[PDB]
Amino acid sequence: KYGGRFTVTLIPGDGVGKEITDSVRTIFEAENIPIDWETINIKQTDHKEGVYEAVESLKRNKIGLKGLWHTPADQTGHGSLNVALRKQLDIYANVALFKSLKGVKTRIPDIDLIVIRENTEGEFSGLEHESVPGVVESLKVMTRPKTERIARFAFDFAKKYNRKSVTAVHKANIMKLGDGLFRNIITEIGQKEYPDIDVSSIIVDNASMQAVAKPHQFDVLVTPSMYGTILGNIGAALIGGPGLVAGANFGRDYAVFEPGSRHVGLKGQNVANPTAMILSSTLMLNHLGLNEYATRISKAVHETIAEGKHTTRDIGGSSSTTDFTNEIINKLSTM
Amino acid sequence: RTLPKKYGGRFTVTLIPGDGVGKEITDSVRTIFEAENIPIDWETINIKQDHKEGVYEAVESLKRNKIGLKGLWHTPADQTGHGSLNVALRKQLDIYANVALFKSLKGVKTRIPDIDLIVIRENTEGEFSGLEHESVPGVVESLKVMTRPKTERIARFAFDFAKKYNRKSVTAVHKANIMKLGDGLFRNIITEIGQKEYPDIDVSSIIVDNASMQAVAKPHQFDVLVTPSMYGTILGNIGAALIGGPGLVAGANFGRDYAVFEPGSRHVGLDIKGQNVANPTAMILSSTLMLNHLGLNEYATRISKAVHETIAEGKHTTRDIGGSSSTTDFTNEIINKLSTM
Amino acid sequence: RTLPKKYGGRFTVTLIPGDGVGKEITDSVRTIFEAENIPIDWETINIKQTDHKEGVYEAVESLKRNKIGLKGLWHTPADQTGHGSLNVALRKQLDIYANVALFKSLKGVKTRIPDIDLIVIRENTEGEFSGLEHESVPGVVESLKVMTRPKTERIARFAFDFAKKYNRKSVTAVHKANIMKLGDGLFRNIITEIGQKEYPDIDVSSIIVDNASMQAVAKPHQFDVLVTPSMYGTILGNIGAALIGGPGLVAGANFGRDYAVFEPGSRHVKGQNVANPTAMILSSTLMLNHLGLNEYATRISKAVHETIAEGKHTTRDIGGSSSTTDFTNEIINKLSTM
Amino acid sequence: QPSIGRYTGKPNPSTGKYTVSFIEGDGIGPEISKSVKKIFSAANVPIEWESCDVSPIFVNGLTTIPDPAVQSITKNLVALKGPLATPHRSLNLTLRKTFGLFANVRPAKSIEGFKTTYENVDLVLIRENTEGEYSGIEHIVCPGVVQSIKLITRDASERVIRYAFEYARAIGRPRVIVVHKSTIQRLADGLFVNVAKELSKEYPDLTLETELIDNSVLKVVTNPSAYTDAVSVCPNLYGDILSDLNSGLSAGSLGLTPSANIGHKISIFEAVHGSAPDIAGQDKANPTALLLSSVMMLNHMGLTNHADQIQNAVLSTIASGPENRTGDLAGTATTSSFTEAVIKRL
C-alpha cells in the first residue's frame with residue numbers, strides 16, 4: 001500500500017535493445033508498477049553527449065536498466081558508456097546468473113552458476129603501447145584494495161542468496177604474483193570473514209574444461225576481468241544462449257541492471273528473446289524492495305517458456321518478441 | 001571500507017532483536033521501514049538461549065557491516081551493560097561512548113515539563129574493566145582503572161557531539177571530592193580539553209551526588225552531561241523518569257569504526273509484562289538516530305514527525321504513557337500518518 | 001628506544017670503514033676521536049670481499065641497534081653511484097631517503113671560483129633506485145621508473161626543515177619538467193606548494209636541470225639549497241665537488257626517519273697513506289652535531305679548517321705533499337693547544 | 001605437408017629405419033611408451049628409438065636441458081615424449097626454448113562409438129608458444145600492486161599464422177579462424193589480426209575469418225561441429241584456456257588428447273595428461289593419448305600409410321566395446337590387454 005514512484009534511468013540501446021527494453025516497459029505498465037522511466041538516448045556506444053546524459057541521470061537516480069548495443073565494444077565491456085560507468089560511477093562488480101530454464105532443450109540439464117567479475121582493473125585499466133615498430137606491450141595492474149572489494153562483494157552475495165561455494169578463478173600457476181595475490185586475498189577473506197562459506201581455487205584453463213564437462217560442481221565463480229567473459233559465455237551456452245542470462249552491475253552507490261552476456265552471439269525485426277532483459281528487470285525489482293512484483297513477473301516468464309507455445313525462435317519457438325510479451329502479460333492478469 | 005556496508009544504494013545493517021519484547025519493538029521498526037521503503041537490508045542475528053555462538057555471530061556481523069540496531073534482553077545483565085554481548089561490543093569493537101537522549105514528548109504527562117538533556121557515558125573503563133577478588137573469606141576487593149587516553153576520547157566525543165547538535169553546555173559529572181586522583185583526572189581533562197579545543201562551548205563540573213539532587217529538582221540547568229561508567233546508569237535513570245519512562249529514551253553507542261543503536265535506558269523499568277503491549281518509541285527513535293548517521297535522514301525527519309504526532313494526540317498511544325492500544329496499533333497509526341505525509 | 005644507543009653518557013655508533021682508502025680515512029677519524037677523548041664506542045663492521053652478503057646483513061643489523069653510523073668508501077663503481085648491496089640495503093631496509101652533501105669552499109684551497117656555499121639534497125628511494133629494466137626483444141632495453149607523491153613530499157619537507165634549521169634562505173627544486181611533464185611536473189609542483197603553504201619564510205624556486213648545470217659551473221653563488229630526484233643529484237654533486245677543490249673536501253649525511261648514516265658526500269669519485277681525510281672528518285662532525293655533542297664538533301671543525309688554511313701539512317690533492325697521517329697529526333696537535 | 005616445420009627425411013643409411021628420440025618420462029610413462037613400441041614393431045614401421053633423459057640440469061641457476069638429449073634430438077629432428085612430474089624454471093618451458101618450438105597443435109576429436117557428453121566434435125587449435133605470458137614479467141610497483149608486462153611481436157605471430165594456413169591446407173580445411181579479443185581496445189590483438197590479413201593473400205585457397213574469443217566459445221560450446229571445417233589460431237594468451245575447453249568438449253578431460261610442438265626443424269609430440277604416479281606400475285594406464293601423438297608424428301614424417309594404419313583401424317576402432325577401453329573410460333581392459341587388442345585390428 002505504498003506512496004511513491006521510483007525514477008529509474010532507462011538506456012534502451014540499439015534497435016534490438018529497444019525491442020527488448022520495450023517488452024519490459026510493456027510488462028511494467030500492465031502490472032502497474034510505481035516506476036517512472038527517465039529514458040536516455042545514446043546513439044553510438046560512444047555518442048559523447050548521450051554518455052554524459054546517462055551518467056548524469058544515474059547520478060540522480062542511482063538505479064538503471066540498460067539494453068544492448070551489438071557493436072563489438074558494448075559486448076566486451078568497452079566503449080564510452082561502459083568506461084564511464086566504471087570510471088565515473090565506480091561500478092566495480094559485474095554479476096551474471098546462469099540458471100537452466102524448465103522448457104529449454106539443453107545438452108546438460110539443471111545448471112545453476114553465478115559468475116561475478118571484477119570490473120575496474122586488469123583488462124579495463126591497462127596501458128598499451130607500440131614503442132618499437134611491430135612490438136606491442138601491455139602493462140596491466142592488479143591491486144589489493146580492488147580485489148578485497150570484489151571478494152567481499154562475492155561473499156556477501158553468496159550469503160544473501162544462500163549459496164554455499166565461492167571459487168576464485170585465476171591463473172596463479174604462471175602469473176604467480178598478480179593472480180597469486182588474487183587467489184590469496186579471496187581465500188583469506190573467506191576464512192577470516194565468511195567461515196560458513198566454502199572457499200576454493202581453480203586455475204582458469206582447468207575451470208574452462210570443467211565448466212563444459214561437469215558444470216554442477218560450481219556454485220559462485222569470482223574472477224578477474226580477463227577470464228569473466230570466457231567463463232560467462234560457457235555459462236550462456238550451457239543454458240541455451242545469451243537470451244536467457246540475467247545480469248547486474250554494482251557499485252557502492254549505483255546499480256545498473258542488464259543482460260549478463262551482452263547478447264554476444266544473438267537477426268530480423270521483432271524476433272529477439274526479451275527474457276534476459278526481463279529477468280534482469282526482476283533483479284532490479286528485488287533491489288528496489290518491490291519484488292512481490294518480481295516474483296509474479298518471474299513466475300510468468302518461466303511458465304510461459306515452460307509451455308513450448310509462444311516461445312521465441314532461439315529457444316525452438318516461432319513467435320515474435322511481441323507475442324511472447326503478450327503471452328506473459330496474459331498469464332499476469334489471470335494470476 | 002572503514003565505511004558502512006553498501007551495495008547499489010542499499011545498506012546492510014546488523015539487526016539483533018533480543019528477547020521477546022525486543023522482538024516486538026524491533027518488528028515495529030522493521031514494519032515502519034518496509035512501509036517507507038527504505039534502502040536497508042537487515043542481516044538479522046538470532047542470539048538463541050549470553051549464548052556464545054550468537055555473540056560471536058553478532059560481533060562478526062558488526063565487523064562486516066559497521067552499523068547495528070539492537071533490541072533488549074530484560075535480564076539484569078543486558079540492562080546494566082554487562083553480559084556477553086555488551087562486553088564483546090566493548091572489548092572487541094572498542095565501542096566506548098554510550099549516548100542517551102532525554103527529550104520530553106508533547107503528549108506525555110510529566111511532573112516537570114520541557115526537558116532536554118543528553119547523557120554521554122564512558123563505556124570501556126571503570127566499572128567495565130575492573131578486577132574483583134575475595135582473597136580472605138568475607139572480604140571483597142575491587143581494583144578499577146581510570147586512564148587519560150580513555151578519558152580524552154570521551155571528552156572529545158562529548159564536545160564534538162555538542163558542536164554537531166548545537167548544544168552550548170557540557171558538564172563533567174564526577175566524584176573528585178573523595179576520589180581526588182582518579183575523578184580529579186576526569187574533571188581536569190574534560191575542563192582542559194574544553195578551554196583549549198572547544199572555546200565556544202561552556203565547560204563545567206559537578207559532584208555526582210549534587211548532580212543527582214539537581215537533576216530531579218531543576219533538570220533545566222543541564223545540557224550535555226559526560227560521566228564515567230559508574231554514574232551514567234544513575235543519571236540516565238533519573239533522565240528516564242523525568243520524561244515519562246524508559247520507553248521514550250533514544251540511545252546510541254559509538255566506537256571509532258562502529259555504531260550500534262539501541263534504547264538508551266535498556267528498558268529498565270519497562271516491565272508491563274504481557275503480549276503486544278510494550279512501547280516501541282525508544283527503538284523507533286533510536287532507529288532514526290541510525291538513519292541520520294547513515295546519511296538518510298529525510299526518512300528520519302518523517303519517521304520522527306510521525307511518532308511525535310501520534311503520541312501528541314492521546315489516541316493509539318501505548319499503555320505506559322496513558323493509552324490503551326497495543327504496540328501493533330501504535331505502529332499502524334504511525335505508518336498511517338506516514339502514507340498521508 | 002628510537003634514540004641513538006646510549007649508556008651512561010656513551011654512544012655506540014656503527015663504523016663501516018670500507019676498502020683500503022676507506023680504512024685510512026676512517027682511522028684518521030678514530031685517531032682524532034680518541035685524542036679528544038669523545039664518549040663514543042665504535043661497533044666496527046668489517047665488510048670483507050670473502051664474506052659479503054654476511055657483512056651487509058651485519059651492518060644493517062648494527063644500524064638497527066645503534067641508529068647512527070659512520071661509513072667510509074669502496075672505490076668500486078657501485079658504491080660511488082649509490083648501488084651495490086650496502087646502499088640498497090640501507091635504502092630498502094632502513095628507508096634512508098635523504099642524501100645530503102655540503103659544498104663549502106675552504107680557506108686555503110686554490111679554486112677557480114671562490115666562496116662557494118651550496119647544499120645538494122637528493123631523493124634516495126625512487127627513480128633511479130627503484131626501477132625495472134628489461135630486454136624483452138633482443139637489442140631493445142626498456143626502463144620503467146616511478147615518481148610518487150608521498151616520497152616527494154618527504155623529501156620536500158626534509159629539505160625545507162633543513163633550510164630552516166641551518167638558516168638557509170633559498171630552496172630550489174631541480175627537475176626536467178619541460179620534457180617529463182607529468183613526473184618531474186609532479187616534483188616541481190609538490191616542492192613549490194609545500195614551500196608556499198608550510199614554509200613561507202623560505203624562498204622556493206625551480207630550475208630545469210640542464211640550465212642548472214650550466215648555471216652551477218658559471219655562477220654557483222645564485223644557489224643555496226638544491227633539492228633533486230635521484231637521477232640529477234649525482235651530476236649536480238660532482239659539479240659541486242669540482243667547484244670547491246675535489247671530492248676529498250665534501251661532507252655528507254644520509255637520513256631516514258629512524259636512522260642516520262654519515263659519509264663523504266661525493267663518494268670520493270691510489271698510493272699508500274696519501275688520501276685526503278677531510279671529507280670523512282667533516283662528515284664525522286655532522287655526526288657529532290646530530291648526537292648532541294658538537295662542542296667537540298666545533299673544535300674538530302676549527303682544527304681542520306685552520307690546518308688546511310696554512311699550506312703546511314696539507315695532503316697532496318689540495319697542493320700539499322704530506323701523508324694522511326701527517327695531516328691527522330697536525331690536526332690533533334692544534335687540538336691539544338686549543 | 002606444411003613447408004614451415006618440414007621434416008628433413010633421411011632413413012638410417014644402413015637399417016633403412018628413421019631415427020626417433022623418445023623420452024619415456026615417468027609415472028605411467030614407461031608402460032605407455034612400451035605400448036607404443038609394441039604397436040610400432042607389430043605394424044612394421046621404419047623407426048628405431050633412442051630413449052633420452054631430459055632431467056633438468058641447472059647451469060647458472062637457469063634450468064638447462066642435458067647435452068646427451070640435446071644432441072640426440074637436434075640430430076633426429078623428431079621426438080615423442082610421455083608425461084613427466086613437476087620439479088626451478090618450467091621443464092616444458094625450457095624444452096620449447098632450446099629447440100625453437102613456436103607452435104603448439106592441439107586436436108580435439110570425438111571417438112566414434114564411445115558415448116561422451118558432446119558429439120561430432122573435430123576441433124583443431126594452433127596456439128603461439130614463444131611470447132605472451134610465457135615470456136612475461138611481473139613486479140611489485142607500489143606496496144599492494146602487481147604490474148604485469150606481456151609482449152607480442154609481428155615476427156612470432158607471422159609464423160604461427162603461416163603454420164596455421166599451411167596446416168589447414170595440409171589436412172584439407174577451407175577456413176582458418178583467427179581468435180582474438182576486442183580488436184579496437186587492444187592493439188595487441190589488432191597486430192595479430194593485421195598479420196593474419198597480410199598472409200591471407202598468399203593463401204587464396206583458404207578463407208580467413210576473424211572471431212571474438214567471446215563468440216567463439218559461445219558457438220563452439222552450443223555446437224562443436226560448426227568448426228570441423230576450420231583451423232583456429234590464437235595468440236599465446238588464450239591458447240591454454242581454449243585448448244583445454246576443446247578437450248572438455250571432445251572427452252571431458254585431457255586423457256585422450258594428443259599435442260604437437262612444432263619448431264623450424266625439430267618437433268616434439270606428446271600427450272598432455274599427467275604422470276599420474278598413484279596408478280603407475282598397476283597396468284591401468286591409457287596409451288591412447290600418446291598413441292595418437294604417434295600418428296601426428298608419423299604424418300609429420302611422411303609415413304602416411306603407417307599413420308592411418310595405426311590410427312584408422314587400431315585404437316580408434318578398438319575403443320569400441322567396453323571390455324576394452326580402460327578404467328578412465330569406464331572400461332575394464334588393462335594397458336597390456338589394450339595394446340594387443342589394438343594389434344589385433346592393426
# chains A, B, ... in the order shown; residues from 1 in each chain; ligands from 1

$ residues_around --residues "range 215-231 of chain D" --least-positions-apart "3" --cutoff "7 Å" --atoms "only C-alpha atoms" --output "number ranges by chain"
A: 230, 233-234, 237, 264-265; D: 120-125, 164, 168, 173-177, 211-212

$ interface_residues --of "chain A" --to "chain C" --cutoff "10 Å" --atoms "only C-alpha atoms" --output "ChimeraX atom specification"
/A:131-132,135,137

$ write_last_selection --atoms "C-alpha atoms" --output "compact mmCIF listing (two decimals), in the first residue's frame"
# COMPACT_ATOMS: atom_id res chain seq x y z
CA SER A 131 57.23 1.90 -28.99
CA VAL A 132 59.32 -0.01 -31.48
CA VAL A 135 56.13 -4.78 -30.89
CA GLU A 137 53.49 -4.10 -24.92

$ interface_residues --of "chain B" --to "chain A" --cutoff "12 Å" --atoms "only C-alpha atoms" --output "PyMOL selection string"
chain B and resi 1+3-12+32-44+56-57+59-65+335-341

$ select_by_dssp --residues "range 110-221 of chain D" --states "helix (DSSP H, G or I)" --output "MDAnalysis selection string"
chainID D and resid 154:170 187:202 213:221

$ write_last_selection --atoms "N, CA and C atoms" --output "tab-separated table (two decimals), in the first residue's frame"
chain	number	residue	atom	x	y	z
D	154	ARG	N	55.22	-9.00	-34.17
D	154	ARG	CA	54.84	-9.32	-35.54
D	154	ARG	C	55.54	-10.60	-36.00
D	155	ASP	N	56.85	-10.71	-35.78
D	155	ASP	CA	57.60	-11.89	-36.21
D	155	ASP	C	57.02	-13.20	-35.68
D	156	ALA	N	56.84	-13.30	-34.38
D	156	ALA	CA	56.40	-14.55	-33.79
D	156	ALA	C	55.00	-14.90	-34.24
D	157	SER	N	54.20	-13.87	-34.50
D	157	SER	CA	52.83	-14.03	-34.96
D	157	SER	C	52.75	-14.50	-36.43
D	158	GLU	N	53.56	-13.89	-37.30
D	158	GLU	CA	53.65	-14.28	-38.71
D	158	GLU	C	54.51	-15.50	-38.75
D	159	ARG	N	53.95	-16.61	-38.31
D	159	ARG	CA	54.76	-17.79	-38.10
D	159	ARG	C	53.92	-18.88	-37.51
D	160	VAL	N	53.21	-18.59	-36.43
D	160	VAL	CA	52.06	-19.43	-36.06
D	160	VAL	C	50.96	-19.25	-37.06
D	161	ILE	N	50.85	-18.06	-37.65
D	161	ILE	CA	49.78	-17.82	-38.58
D	161	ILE	C	50.10	-18.47	-39.93
D	162	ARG	N	51.33	-18.33	-40.42
D	162	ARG	CA	51.74	-19.11	-41.60
D	162	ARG	C	51.46	-20.58	-41.38
D	163	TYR	N	51.95	-21.11	-40.27
D	163	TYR	CA	51.80	-22.52	-39.99
D	163	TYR	C	50.35	-22.91	-39.95
D	164	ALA	N	49.48	-22.01	-39.50
D	164	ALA	CA	48.07	-22.35	-39.37
D	164	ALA	C	47.46	-22.51	-40.73
D	165	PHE	N	47.88	-21.65	-41.65
D	165	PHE	CA	47.43	-21.74	-43.03
D	165	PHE	C	47.90	-23.06	-43.68
D	166	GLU	N	49.21	-23.27	-43.71
D	166	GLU	CA	49.84	-24.46	-44.28
D	166	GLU	C	49.37	-25.78	-43.66
D	167	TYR	N	48.85	-25.71	-42.45
D	167	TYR	CA	48.33	-26.89	-41.79
D	167	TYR	C	46.86	-27.08	-42.16
D	168	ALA	N	46.16	-26.00	-42.46
D	168	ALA	CA	44.78	-26.13	-42.88
D	168	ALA	C	44.76	-26.73	-44.30
D	169	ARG	N	45.59	-26.18	-45.17
D	169	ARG	CA	45.80	-26.74	-46.50
D	169	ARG	C	46.18	-28.22	-46.41
D	170	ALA	N	47.20	-28.54	-45.61
D	170	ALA	CA	47.68	-29.91	-45.43
D	170	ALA	C	46.70	-30.96	-44.83
D	187	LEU	N	45.26	-3.00	-29.13
D	187	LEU	CA	46.08	-3.03	-30.32
D	187	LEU	C	47.12	-4.17	-30.35
D	188	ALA	N	47.13	-5.03	-29.34
D	188	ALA	CA	47.95	-6.25	-29.40
D	188	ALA	C	47.23	-7.29	-30.23
D	189	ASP	N	45.91	-7.30	-30.11
D	189	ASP	CA	45.13	-8.20	-30.94
D	189	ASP	C	45.00	-7.61	-32.33
D	190	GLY	N	44.94	-6.29	-32.41
D	190	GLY	CA	44.98	-5.62	-33.69
D	190	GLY	C	46.21	-6.01	-34.51
D	191	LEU	N	47.34	-6.27	-33.85
D	191	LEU	CA	48.56	-6.58	-34.60
D	191	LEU	C	48.51	-8.01	-35.10
D	192	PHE	N	47.94	-8.88	-34.28
D	192	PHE	CA	47.83	-10.28	-34.61
D	192	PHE	C	46.88	-10.46	-35.78
D	193	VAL	N	45.75	-9.76	-35.78
D	193	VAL	CA	44.78	-9.82	-36.87
D	193	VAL	C	45.35	-9.22	-38.17
D	194	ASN	N	46.07	-8.11	-38.08
D	194	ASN	CA	46.67	-7.50	-39.26
D	194	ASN	C	47.67	-8.42	-39.92
D	195	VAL	N	48.46	-9.11	-39.12
D	195	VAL	CA	49.44	-10.04	-39.62
D	195	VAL	C	48.74	-11.20	-40.35
D	196	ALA	N	47.57	-11.59	-39.85
D	196	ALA	CA	46.78	-12.64	-40.46
D	196	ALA	C	46.21	-12.21	-41.81
D	197	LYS	N	45.80	-10.95	-41.91
D	197	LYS	CA	45.22	-10.43	-43.15
D	197	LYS	C	46.27	-10.27	-44.26
D	198	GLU	N	47.51	-10.04	-43.87
D	198	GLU	CA	48.63	-9.84	-44.79
D	198	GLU	C	49.02	-11.16	-45.42
D	199	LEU	N	48.87	-12.24	-44.65
D	199	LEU	CA	49.21	-13.57	-45.11
D	199	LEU	C	48.05	-14.18	-45.87
D	200	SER	N	46.87	-13.60	-45.68
D	200	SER	CA	45.64	-14.09	-46.27
D	200	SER	C	45.76	-14.20	-47.80
D	201	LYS	N	46.52	-13.27	-48.38
D	201	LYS	CA	46.65	-13.14	-49.82
D	201	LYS	C	47.63	-14.13	-50.42
D	202	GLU	N	48.54	-14.65	-49.60
D	202	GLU	CA	49.45	-15.70	-50.06
D	202	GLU	C	48.85	-17.08	-49.94
D	213	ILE	N	36.90	-13.87	-29.23
D	213	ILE	CA	37.00	-15.06	-28.42
D	213	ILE	C	35.69	-15.30	-27.68
D	214	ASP	N	35.00	-14.24	-27.26
D	214	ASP	CA	33.66	-14.37	-26.65
D	214	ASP	C	32.72	-15.19	-27.54
D	215	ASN	N	32.67	-14.86	-28.83
D	215	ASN	CA	31.72	-15.51	-29.73
D	215	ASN	C	32.12	-16.95	-30.00
D	216	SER	N	33.41	-17.15	-30.24
D	216	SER	CA	33.92	-18.48	-30.47
D	216	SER	C	33.54	-19.43	-29.37
D	217	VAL	N	33.68	-19.04	-28.10
D	217	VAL	CA	33.34	-20.02	-27.08
D	217	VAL	C	31.85	-20.25	-27.00
D	218	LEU	N	31.05	-19.23	-27.30
D	218	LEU	CA	29.60	-19.38	-27.28
D	218	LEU	C	29.18	-20.34	-28.38
D	219	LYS	N	29.78	-20.19	-29.56
D	219	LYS	CA	29.41	-21.02	-30.68
D	219	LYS	C	29.89	-22.45	-30.48
D	220	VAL	N	31.19	-22.61	-30.26
D	220	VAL	CA	31.80	-23.92	-30.09
D	220	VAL	C	31.11	-24.77	-29.04
D	221	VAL	N	30.65	-24.16	-27.95
D	221	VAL	CA	30.00	-24.96	-26.92
D	221	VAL	C	28.56	-25.34	-27.26

$ residues_around --residues "range 81-89 of chain B" --least-positions-apart "6" --cutoff "12 Å" --atoms "only C-alpha atoms" --output "count of residues only"
55

$ atom_distance --atom1 "CA of residue 141 in chain D" --atom2 "CA of residue 129 in chain C"
12.7 Å

$ select_by_dssp --residues "range 101-188 of chain B" --states "strand (DSSP E)" --output "PDB file with N, CA and C atoms, in the first residue's frame"
ATOM      1  N   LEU B 101      19.452  10.066  24.873  1.00  0.00           N
ATOM      2  CA  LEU B 101      18.790  11.355  24.684  1.00  0.00           C
ATOM      3  C   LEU B 101      17.508  11.423  25.499  1.00  0.00           C
ATOM      4  N   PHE B 102      17.424  12.409  26.380  1.00  0.00           N
ATOM      5  CA  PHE B 102      16.224  12.596  27.183  1.00  0.00           C
ATOM      6  C   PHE B 102      15.453  13.870  26.799  1.00  0.00           C
ATOM      7  N   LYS B 103      14.640  13.781  25.750  1.00  0.00           N
ATOM      8  CA  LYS B 103      13.773  14.889  25.380  1.00  0.00           C
ATOM      9  C   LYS B 103      12.331  14.589  25.762  1.00  0.00           C
ATOM     10  N   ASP B 116      15.322  18.605  28.170  1.00  0.00           N
ATOM     11  CA  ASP B 116      16.191  18.297  27.038  1.00  0.00           C
ATOM     12  C   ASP B 116      17.648  18.083  27.437  1.00  0.00           C
ATOM     13  N   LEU B 117      17.928  16.925  28.021  1.00  0.00           N
ATOM     14  CA  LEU B 117      19.314  16.628  28.338  1.00  0.00           C
ATOM     15  C   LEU B 117      19.844  15.388  27.637  1.00  0.00           C
ATOM     16  N   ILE B 118      21.160  15.373  27.476  1.00  0.00           N
ATOM     17  CA  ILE B 118      21.892  14.305  26.830  1.00  0.00           C
ATOM     18  C   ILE B 118      22.939  13.806  27.808  1.00  0.00           C
ATOM     19  N   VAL B 119      22.967  12.497  28.036  1.00  0.00           N
ATOM     20  CA  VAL B 119      23.933  11.900  28.932  1.00  0.00           C
ATOM     21  C   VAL B 119      24.892  11.058  28.109  1.00  0.00           C
ATOM     22  N   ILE B 120      26.172  11.395  28.180  1.00  0.00           N
ATOM     23  CA  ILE B 120      27.205  10.647  27.451  1.00  0.00           C
ATOM     24  C   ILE B 120      28.057   9.950  28.493  1.00  0.00           C
ATOM     25  N   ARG B 121      28.120   8.625  28.447  1.00  0.00           N
ATOM     26  CA  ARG B 121      28.924   7.917  29.433  1.00  0.00           C
ATOM     27  C   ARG B 121      30.058   7.062  28.825  1.00  0.00           C
ATOM     28  N   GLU B 122      31.196   7.031  29.512  1.00  0.00           N
ATOM     29  CA  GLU B 122      32.351   6.273  29.100  1.00  0.00           C
ATOM     30  C   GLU B 122      32.055   4.794  29.264  1.00  0.00           C
ATOM     31  N   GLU B 132      37.873  -8.048  40.512  1.00  0.00           N
ATOM     32  CA  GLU B 132      37.353  -8.201  41.861  1.00  0.00           C
ATOM     33  C   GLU B 132      37.813  -9.519  42.396  1.00  0.00           C
ATOM     34  N   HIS B 133      38.162  -9.547  43.679  1.00  0.00           N
ATOM     35  CA  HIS B 133      38.615 -10.798  44.262  1.00  0.00           C
ATOM     36  C   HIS B 133      38.243 -10.897  45.721  1.00  0.00           C
ATOM     37  N   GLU B 134      38.005 -12.135  46.154  1.00  0.00           N
ATOM     38  CA  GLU B 134      37.861 -12.464  47.562  1.00  0.00           C
ATOM     39  C   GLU B 134      39.062 -13.317  47.955  1.00  0.00           C
ATOM     40  N   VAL B 140      35.803  -8.607  50.067  1.00  0.00           N
ATOM     41  CA  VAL B 140      35.859  -8.417  48.615  1.00  0.00           C
ATOM     42  C   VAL B 140      36.552  -7.124  48.234  1.00  0.00           C
ATOM     43  N   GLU B 141      37.490  -7.233  47.294  1.00  0.00           N
ATOM     44  CA  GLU B 141      38.312  -6.092  46.905  1.00  0.00           C
ATOM     45  C   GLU B 141      38.145  -5.773  45.420  1.00  0.00           C
ATOM     46  N   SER B 142      37.935  -4.499  45.111  1.00  0.00           N
ATOM     47  CA  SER B 142      37.785  -4.058  43.738  1.00  0.00           C
ATOM     48  C   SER B 142      38.986  -3.230  43.317  1.00  0.00           C
ATOM     49  N   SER B 169      26.309  23.692  26.434  1.00  0.00           N
ATOM     50  CA  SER B 169      26.897  23.336  27.724  1.00  0.00           C
ATOM     51  C   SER B 169      27.303  21.877  27.816  1.00  0.00           C
ATOM     52  N   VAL B 170      28.518  21.650  28.294  1.00  0.00           N
ATOM     53  CA  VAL B 170      28.968  20.322  28.628  1.00  0.00           C
ATOM     54  C   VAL B 170      29.392  20.320  30.073  1.00  0.00           C
ATOM     55  N   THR B 171      28.784  19.454  30.874  1.00  0.00           N
ATOM     56  CA  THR B 171      29.148  19.356  32.281  1.00  0.00           C
ATOM     57  C   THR B 171      29.761  17.998  32.577  1.00  0.00           C
ATOM     58  N   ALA B 172      30.973  17.976  33.101  1.00  0.00           N
ATOM     59  CA  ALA B 172      31.535  16.731  33.602  1.00  0.00           C
ATOM     60  C   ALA B 172      30.989  16.378  34.986  1.00  0.00           C
ATOM     61  N   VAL B 173      30.504  15.152  35.126  1.00  0.00           N
ATOM     62  CA  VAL B 173      29.982  14.657  36.389  1.00  0.00           C
ATOM     63  C   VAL B 173      30.991  13.693  37.004  1.00  0.00           C
ATOM     64  N   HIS B 174      31.383  13.940  38.244  1.00  0.00           N
ATOM     65  CA  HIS B 174      32.463  13.171  38.839  1.00  0.00           C
ATOM     66  C   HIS B 174      32.344  13.160  40.362  1.00  0.00           C
TER      67      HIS B 174
END

$ atom_distance --atom1 "CA of residue 292 in chain A" --atom2 "CA of residue 27 in chain A"
14.4 Å

$ closest_residue --among "A:49, A:36, A:188, A:314" --to "residue 243 in chain A" --atoms "only C-alpha atoms"
A:314

$ residues_around --residues "range 29-44 of chain C" --least-positions-apart "2" --cutoff "10 Å" --atoms "only C-alpha atoms" --output "number ranges by chain"
C: 6-17, 23-27, 46-47, 59, 62-63, 66, 69-71, 277-278, 280-285, 288, 293, 296, 299-300, 325, 328-329, 331-333, 335-336

$ decode --residues "range 149-158 of chain A" --atoms "N, CA and C atoms" --output "mmCIF file, in the first residue's frame"
data_model
loop_
_atom_site.group_PDB
_atom_site.id
_atom_site.type_symbol
_atom_site.label_atom_id
_atom_site.label_comp_id
_atom_site.auth_asym_id
_atom_site.auth_seq_id
_atom_site.Cartn_x
_atom_site.Cartn_y
_atom_site.Cartn_z
ATOM 1 N N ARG A 149 37.575 -5.633 -2.307
ATOM 2 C CA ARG A 149 36.187 -5.281 -2.642
ATOM 3 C C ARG A 149 35.421 -6.431 -3.316
ATOM 4 N N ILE A 150 36.002 -6.943 -4.408
ATOM 5 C CA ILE A 150 35.317 -7.917 -5.217
ATOM 6 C C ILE A 150 35.122 -9.203 -4.419
ATOM 7 N N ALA A 151 36.117 -9.612 -3.637
ATOM 8 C CA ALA A 151 35.957 -10.718 -2.679
ATOM 9 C C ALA A 151 34.780 -10.535 -1.716
ATOM 10 N N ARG A 152 34.750 -9.406 -0.992
ATOM 11 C CA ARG A 152 33.667 -9.158 -0.053
ATOM 12 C C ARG A 152 32.339 -9.137 -0.766
ATOM 13 N N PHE A 153 32.318 -8.524 -1.948
ATOM 14 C CA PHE A 153 31.103 -8.499 -2.750
ATOM 15 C C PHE A 153 30.579 -9.904 -3.031
ATOM 16 N N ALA A 154 31.465 -10.785 -3.471
ATOM 17 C CA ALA A 154 31.091 -12.133 -3.839
ATOM 18 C C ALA A 154 30.643 -12.912 -2.605
ATOM 19 N N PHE A 155 31.324 -12.733 -1.481
ATOM 20 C CA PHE A 155 30.939 -13.469 -0.281
ATOM 21 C C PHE A 155 29.626 -12.946 0.218
ATOM 22 N N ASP A 156 29.493 -11.629 0.261
ATOM 23 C CA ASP A 156 28.257 -11.011 0.708
ATOM 24 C C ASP A 156 27.080 -11.445 -0.151
ATOM 25 N N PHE A 157 27.354 -11.710 -1.424
ATOM 26 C CA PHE A 157 26.349 -12.142 -2.350
ATOM 27 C C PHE A 157 25.966 -13.583 -2.087
ATOM 28 N N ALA A 158 26.962 -14.448 -1.985
ATOM 29 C CA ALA A 158 26.729 -15.823 -1.580
ATOM 30 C C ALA A 158 25.853 -15.889 -0.316
#
